[PDB]
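One chain comes next, on its own, written as structure tokens: the form deposited in one PDB entry.
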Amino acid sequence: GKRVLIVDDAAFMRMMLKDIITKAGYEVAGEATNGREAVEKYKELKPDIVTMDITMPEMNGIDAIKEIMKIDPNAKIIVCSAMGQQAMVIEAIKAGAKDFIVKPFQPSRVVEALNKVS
């Protein structure tokens, strides 16, 4: 679909993403501030896509990807990374992420990835 669950501990970052995802025609299923919170809302919300930050408190993105992958082996997760987070990117993808997006955000590339993932 086009209902995106946004997860990032940085509010600024969520809002920005949120702005892009909308202008692009997607829909904001909801948000989450950590890995545990993510897994939860994945469960309630059942979104079509998840954008997942890597460095977060309580549970990291990888932790939470694994979890979700447990709940839903068909989950569609895109991981957001800072530059120089190349290894964890690899890891998240090995974990099950479909793609990755860098921060700060390049909208064209955000949209592209999202489109690909659908």
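Note that residue numbering follows the sequence shown and begins at 1.
What comes next is about the form deposited with a partner chain bound, which does not appear here.
Engineer: Between the options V89, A32, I68, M56, which residue brings a heavy atom to within 4.5 Å of its partner chain in the bound PDB entry?
Structural biologist: Among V89, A32, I68, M56, a heavy atom within 4.5 Å of its partner chain in the bound PDB entry occurs only for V89.
Engineer: Indicate whether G84 is a 4.5 Å heavy atom neighbour of its partner chain in the bound PDB entry.
Structural biologist: Although its partner chain is absent here, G84 would touch it in the bound PDB entry, with heavy atoms inside 4.5 Å.
Engineer: Just checking whether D99 would be counted as a contact of its partner chain in the bound PDB entry - the rule being heavy atoms within 4.5 angstroms.
Structural biologist: Yes, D99 lies within 4.5 Å of its partner chain in the bound PDB entry.
Engineer: State yes or no: in the bound PDB entry, is some non-hydrogen atom of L45 no more than 4.5 angstroms from a non-hydrogen atom of its partner chain?
Structural biologist: Because no heavy atom of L45 falls inside 4.5 Å of its partner chain in the bound PDB entry, the answer is no.
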